[PDB]
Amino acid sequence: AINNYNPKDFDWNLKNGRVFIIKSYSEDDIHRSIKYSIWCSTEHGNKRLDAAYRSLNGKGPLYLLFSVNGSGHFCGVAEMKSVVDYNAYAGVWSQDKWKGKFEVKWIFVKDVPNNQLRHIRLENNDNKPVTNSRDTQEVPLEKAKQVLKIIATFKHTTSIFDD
């Protein structure tokens, strides 16, 4: 890998976009996402993000703030880059038939610890800290701006690449 990620004077274009938490079950899913520029949330996760992406059209960016369950930190930020693709061939049984995947462009890959963000609280999630969020929890715009500044400017000592 390279430091192709973590741009410096990164303007977010976050005047009209949306921001969502991703909780990855595994570090492997993070690696594969970075390698192949895709993500799959749960069925409801994909549908929630698909609807948010389509409602935005091209008016604003949809960012995803990633964190592996139990890590204590966020591990980076990607932008969602396609509608959700439900493929029409995978699956034999009816429940594991139409599984969704969508495109992401990874922007920041860096460990930002939660102690840097616990002060930011989500008014749309019972005023809990942004670090308490569950997968596909949406972050209100002004709180998102605060989280993106912290993530973009934090001088990190680790990243998921050490794995």
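A residue's number is simply how far along the shown sequence it sits, counting from 1.
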### 29-37 or 116-124, whichever carries the higher mean Cα B-factor
116-124
#### Entry: Given 70-78 and 86-94, the range whose Cα B-factors average higher in the PDB entry
86-94
### Summary
The residue of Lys105, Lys59, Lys47, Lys110 with the maximal C-alpha B-factor according to the PDB record is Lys59
### Task
Comparing against every modelled residue in the chain, figure out the third that the C-alpha B-factor of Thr153 lands in (lowest, middle or highest).
middle
### Summary
Sorting the chain's modelled residues by C-alpha B-factor and splitting them into thirds places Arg18 in the middle
### Message
For the chain shown, is the CA B-factor of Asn132 in the lowest, middle or highest third of its modelled residues?
### Response
highest
